[PDB]
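Any value given below was found using the heavy atoms of this structure, including those in side chains, with hydrogens, waters and symmetry copies removed. Naming convention: chains lettered A, B, ... in sequence-line order (proteins, then strands); numbering from 1 in each chain.
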Amino acid sequence: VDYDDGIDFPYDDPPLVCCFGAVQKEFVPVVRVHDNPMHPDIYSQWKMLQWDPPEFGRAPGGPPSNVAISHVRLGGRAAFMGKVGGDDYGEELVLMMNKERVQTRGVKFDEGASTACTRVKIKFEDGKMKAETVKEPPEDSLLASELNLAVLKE
Amino acid sequence: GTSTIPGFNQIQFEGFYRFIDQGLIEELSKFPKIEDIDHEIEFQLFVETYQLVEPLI
(Lines give C-alpha, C1' and ligand atoms only; values in the text may rest on other atoms or scores of the structure.)
Protein backbone atom coordinates (compact mmCIF):
# COMPACT_ATOMS: atom_id res chain seq x y z
CA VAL A 1 0.00 0.00 0.00
CA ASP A 2 2.59 2.55 1.14
CA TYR A 3 5.86 0.88 2.21
CA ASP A 4 7.53 -2.51 2.70
CA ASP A 5 8.00 -4.82 5.69
CA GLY A 6 10.92 -6.35 7.55
CA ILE A 7 14.39 -6.72 6.05
CA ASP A 8 15.16 -7.58 2.44
CA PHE A 9 16.92 -10.92 2.01
CA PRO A 10 17.99 -13.06 -0.97
CA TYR A 11 15.51 -15.75 0.24
CA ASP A 12 16.12 -19.50 0.23
CA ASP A 13 15.06 -22.10 -2.39
CA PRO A 14 12.62 -23.48 -3.41
CA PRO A 15 10.47 -20.33 -3.71
CA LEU A 16 7.84 -20.01 -1.00
CA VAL A 17 4.12 -20.36 -1.68
CA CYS A 18 1.28 -19.14 0.52
CA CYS A 19 -2.01 -20.98 1.03
CA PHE A 20 -4.82 -18.72 2.25
CA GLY A 21 -8.04 -19.93 3.81
CA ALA A 22 -9.25 -22.38 6.43
CA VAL A 23 -7.25 -25.29 7.86
CA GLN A 24 -9.57 -28.27 8.25
CA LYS A 25 -9.26 -32.03 8.57
CA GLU A 26 -10.61 -33.70 5.41
CA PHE A 27 -13.83 -31.81 4.59
CA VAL A 28 -14.20 -32.05 0.84
CA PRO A 29 -16.13 -28.89 -0.16
CA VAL A 30 -17.51 -29.96 -3.55
CA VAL A 31 -20.87 -31.66 -2.92
CA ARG A 32 -23.50 -32.47 -5.55
CA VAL A 33 -26.22 -35.07 -6.00
CA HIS A 34 -25.21 -38.58 -7.05
CA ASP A 35 -27.70 -41.11 -8.42
CA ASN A 36 -25.89 -44.29 -7.25
CA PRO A 37 -26.01 -44.45 -3.45
CA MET A 38 -24.84 -47.42 -1.41
CA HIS A 39 -26.29 -48.83 1.81
CA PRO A 40 -27.06 -45.97 4.24
CA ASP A 41 -25.54 -47.88 7.19
CA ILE A 42 -23.01 -50.39 5.82
CA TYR A 43 -19.99 -48.18 5.17
CA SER A 44 -18.01 -51.23 4.02
CA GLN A 45 -19.88 -50.91 0.71
CA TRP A 46 -18.99 -47.23 0.30
CA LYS A 47 -15.55 -48.07 -1.08
CA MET A 48 -17.36 -49.19 -4.24
CA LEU A 49 -18.12 -45.50 -4.85
CA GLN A 50 -14.40 -44.78 -4.56
CA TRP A 51 -13.57 -46.88 -7.62
CA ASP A 52 -16.81 -45.90 -9.40
CA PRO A 53 -17.00 -42.29 -8.24
CA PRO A 54 -19.33 -39.46 -9.14
CA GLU A 55 -17.70 -37.39 -11.86
CA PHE A 56 -17.50 -34.28 -9.67
CA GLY A 57 -15.64 -36.34 -7.07
CA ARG A 58 -13.09 -38.06 -9.30
CA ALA A 59 -10.17 -35.99 -7.95
CA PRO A 60 -11.66 -34.02 -5.04
CA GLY A 61 -9.89 -31.02 -3.57
CA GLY A 62 -9.97 -29.75 -0.03
CA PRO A 63 -8.83 -26.95 2.26
CA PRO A 64 -5.70 -24.95 1.41
CA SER A 65 -3.85 -26.71 4.24
CA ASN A 66 -4.05 -29.93 2.21
CA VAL A 67 -2.42 -28.13 -0.72
CA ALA A 68 0.28 -26.71 1.56
CA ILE A 69 1.08 -30.11 3.09
CA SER A 70 1.15 -31.79 -0.33
CA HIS A 71 3.38 -29.04 -1.73
CA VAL A 72 5.86 -29.45 1.13
CA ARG A 73 5.89 -33.24 0.70
CA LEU A 74 6.67 -32.71 -3.00
CA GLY A 75 9.85 -30.82 -2.08
CA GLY A 76 8.55 -27.25 -1.92
CA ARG A 77 8.34 -24.65 0.84
CA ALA A 78 4.88 -23.47 1.84
CA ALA A 79 3.29 -21.18 4.42
CA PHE A 80 -0.32 -21.19 5.60
CA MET A 81 -2.19 -17.95 6.31
CA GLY A 82 -5.31 -18.23 8.45
CA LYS A 83 -6.77 -18.16 11.94
CA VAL A 84 -7.50 -20.93 14.43
CA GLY A 85 -8.93 -20.83 17.92
CA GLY A 86 -6.97 -21.15 21.12
CA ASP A 87 -8.55 -24.45 22.11
CA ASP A 88 -7.20 -28.00 21.76
CA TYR A 89 -8.41 -28.51 18.19
CA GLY A 90 -6.69 -25.38 16.88
CA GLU A 91 -3.42 -26.42 18.50
CA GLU A 92 -3.88 -29.89 17.00
CA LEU A 93 -4.32 -28.42 13.51
CA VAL A 94 -1.29 -26.17 13.93
CA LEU A 95 0.73 -29.16 15.16
CA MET A 96 -0.37 -31.14 12.11
CA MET A 97 0.82 -28.34 9.84
CA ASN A 98 4.08 -28.01 11.81
CA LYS A 99 4.99 -31.70 11.66
CA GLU A 100 4.57 -31.43 7.88
CA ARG A 101 7.10 -28.54 7.88
CA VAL A 102 4.50 -26.01 6.75
CA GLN A 103 5.29 -22.51 7.98
CA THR A 104 2.74 -21.50 10.61
CA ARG A 105 4.14 -18.02 11.28
CA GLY A 106 1.13 -16.76 9.31
CA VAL A 107 -1.33 -18.54 11.62
CA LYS A 108 -3.21 -16.24 14.00
CA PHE A 109 -4.65 -17.58 17.25
CA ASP A 110 -7.93 -16.47 18.83
CA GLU A 111 -8.19 -17.41 22.50
CA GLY A 112 -11.92 -16.64 22.67
CA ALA A 113 -12.99 -18.76 19.68
CA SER A 114 -13.70 -22.47 19.24
CA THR A 115 -11.85 -23.91 16.25
CA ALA A 116 -14.07 -25.19 13.42
CA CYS A 117 -17.25 -24.30 15.34
CA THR A 118 -19.98 -22.04 13.96
CA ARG A 119 -22.92 -20.55 15.86
CA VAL A 120 -26.19 -20.83 13.93
CA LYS A 121 -29.86 -20.26 14.70
CA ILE A 122 -32.54 -22.60 13.36
CA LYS A 123 -35.58 -21.00 11.72
CA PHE A 124 -38.66 -22.32 9.92
CA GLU A 125 -39.13 -19.93 6.99
CA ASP A 126 -42.02 -20.82 4.63
CA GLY A 127 -42.51 -24.23 6.24
CA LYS A 128 -38.93 -25.42 5.71
CA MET A 129 -36.23 -25.63 8.36
CA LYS A 130 -33.29 -23.31 7.73
CA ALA A 131 -30.24 -21.95 9.55
CA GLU A 132 -28.44 -18.61 9.67
CA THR A 133 -24.96 -17.85 10.97
CA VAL A 134 -24.70 -16.06 14.32
CA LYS A 135 -20.94 -16.17 14.98
CA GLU A 136 -18.52 -17.22 12.26
CA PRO A 137 -15.77 -19.74 13.08
CA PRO A 138 -12.22 -18.45 13.60
CA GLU A 139 -11.20 -19.93 10.24
CA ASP A 140 -13.57 -17.44 8.56
CA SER A 141 -12.62 -14.57 10.89
CA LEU A 142 -9.14 -13.49 9.79
CA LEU A 143 -8.80 -9.71 9.66
CA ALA A 144 -6.65 -7.65 7.30
CA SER A 145 -4.75 -6.37 10.35
CA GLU A 146 -3.89 -9.98 11.28
CA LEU A 147 -2.08 -10.73 8.02
CA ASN A 148 1.64 -11.55 7.88
CA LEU A 149 3.34 -9.18 5.45
CA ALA A 150 6.67 -11.02 5.51
CA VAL A 151 4.97 -14.17 4.21
CA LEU A 152 3.10 -12.22 1.54
CA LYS A 153 6.36 -10.55 0.52
CA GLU A 154 8.39 -13.76 0.29
CA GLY B 1 -18.77 -60.38 -0.51
CA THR B 2 -18.98 -57.65 -3.13
CA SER B 3 -16.76 -55.16 -1.28
CA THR B 4 -15.20 -57.10 1.62
CA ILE B 5 -13.68 -60.52 2.19
CA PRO B 6 -16.64 -62.75 3.12
CA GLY B 7 -16.86 -64.78 6.29
CA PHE B 8 -14.86 -67.98 5.98
CA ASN B 9 -17.79 -69.95 7.44
CA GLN B 10 -20.45 -68.14 5.39
CA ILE B 11 -20.92 -71.11 3.05
CA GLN B 12 -21.62 -73.43 5.98
CA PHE B 13 -23.80 -70.77 7.62
CA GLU B 14 -25.91 -70.12 4.52
CA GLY B 15 -26.20 -73.79 3.58
CA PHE B 16 -27.61 -74.82 6.96
CA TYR B 17 -30.07 -71.92 6.94
CA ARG B 18 -31.23 -73.02 3.49
CA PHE B 19 -31.87 -76.50 4.89
CA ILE B 20 -34.01 -75.13 7.72
CA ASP B 21 -36.12 -72.93 5.42
CA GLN B 22 -36.66 -75.16 2.38
CA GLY B 23 -34.98 -78.50 3.11
CA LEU B 24 -37.39 -79.51 5.88
CA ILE B 25 -40.58 -78.57 4.02
CA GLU B 26 -39.42 -80.08 0.73
CA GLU B 27 -38.64 -83.33 2.58
CA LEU B 28 -41.54 -83.41 5.04
CA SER B 29 -43.58 -83.56 1.85
CA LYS B 30 -43.34 -86.78 -0.21
CA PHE B 31 -44.28 -88.54 3.04
CA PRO B 32 -47.04 -90.93 1.93
CA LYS B 33 -50.47 -90.81 3.54
CA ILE B 34 -50.09 -94.22 5.14
CA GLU B 35 -53.14 -96.46 4.68
CA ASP B 36 -53.66 -100.07 5.68
CA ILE B 37 -54.43 -102.82 3.18
CA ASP B 38 -58.08 -102.71 4.29
CA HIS B 39 -58.01 -98.88 3.94
CA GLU B 40 -59.67 -98.72 7.38
CA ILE B 41 -56.95 -96.73 9.18
CA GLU B 42 -55.29 -93.79 7.40
CA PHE B 43 -52.28 -92.04 8.95
CA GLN B 44 -51.05 -88.74 7.52
CA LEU B 45 -48.87 -85.78 8.46
CA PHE B 46 -49.76 -82.08 8.34
CA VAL B 47 -46.47 -80.69 7.06
CA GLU B 48 -47.59 -77.06 7.38
CA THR B 49 -47.72 -77.61 11.16
CA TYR B 50 -44.04 -78.57 11.40
CA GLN B 51 -41.98 -76.85 14.09
CA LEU B 52 -38.55 -76.85 15.69
CA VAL B 53 -37.98 -75.95 19.34
CA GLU B 54 -34.70 -74.70 20.74
CA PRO B 55 -32.50 -77.44 22.25
CA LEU B 56 -32.95 -78.07 25.96
CA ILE B 57 -29.24 -78.73 26.54
Engineer: What I'd like to find out is whether the side chain of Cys19(A) reaches to under 4.5 Å of the side chain of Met81(A), using heavy atoms alone.
Structural biologist: no
Engineer: Within this structure, what is the CD-NE2 distance for the pair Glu55(A) and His34(A), rounded to the nearest 0.5 Å?
Structural biologist: 8.0 Å
Engineer: So, do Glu154(A) and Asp12(A) sit near enough that their side-chain heavy atoms are less than 4.5 Å apart?
Structural biologist: yes
Engineer: Using a 4.5 Å cut-off on heavy atoms from C-beta on, say whether the side chain of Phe124(A) contacts that of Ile122(A).
Structural biologist: yes
Engineer: Please determine which of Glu136(A), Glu139(A), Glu111(A), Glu146(A) meets the salt bridge (charged side-chain N to carboxylate O under 4.0 Å, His left out) test together with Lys83(A).
Structural biologist: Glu146(A)
Engineer: Within a strict 4.5 Å, meaning less than it, do heavy atoms of the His71(A) and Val17(A) side chains meet?
Structural biologist: yes
Engineer: Distance from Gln50(A) atom CD to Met48(A) atom CE, nearest 0.5 Å?
Structural biologist: 12.0 Å
Engineer: Is a donor from one side chain sitting under 3.5 angstrom from an acceptor on the other, for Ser114(A) and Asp87(A)?
Structural biologist: no
Engineer: Whether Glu42(B) and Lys33(B) form a salt bridge (side-chain N of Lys/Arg under 4.0 Å from carboxylate O of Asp/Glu) is what I want to check.
Structural biologist: no
Engineer: Using side-chain heavy atoms (C-beta onward) and a distance below 4.5 Å, is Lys25(A) in contact with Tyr89(A)?
Structural biologist: yes
Engineer: Looking only at non-hydrogen atoms, find the nearest pair between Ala22(A) and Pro63(A) and report the distance.
Structural biologist: O-CB, 3.4 Å
Engineer: Quick one: does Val67(A)'s side chain get under 4.5 Å of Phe80(A)'s, heavy atoms only?
Structural biologist: no
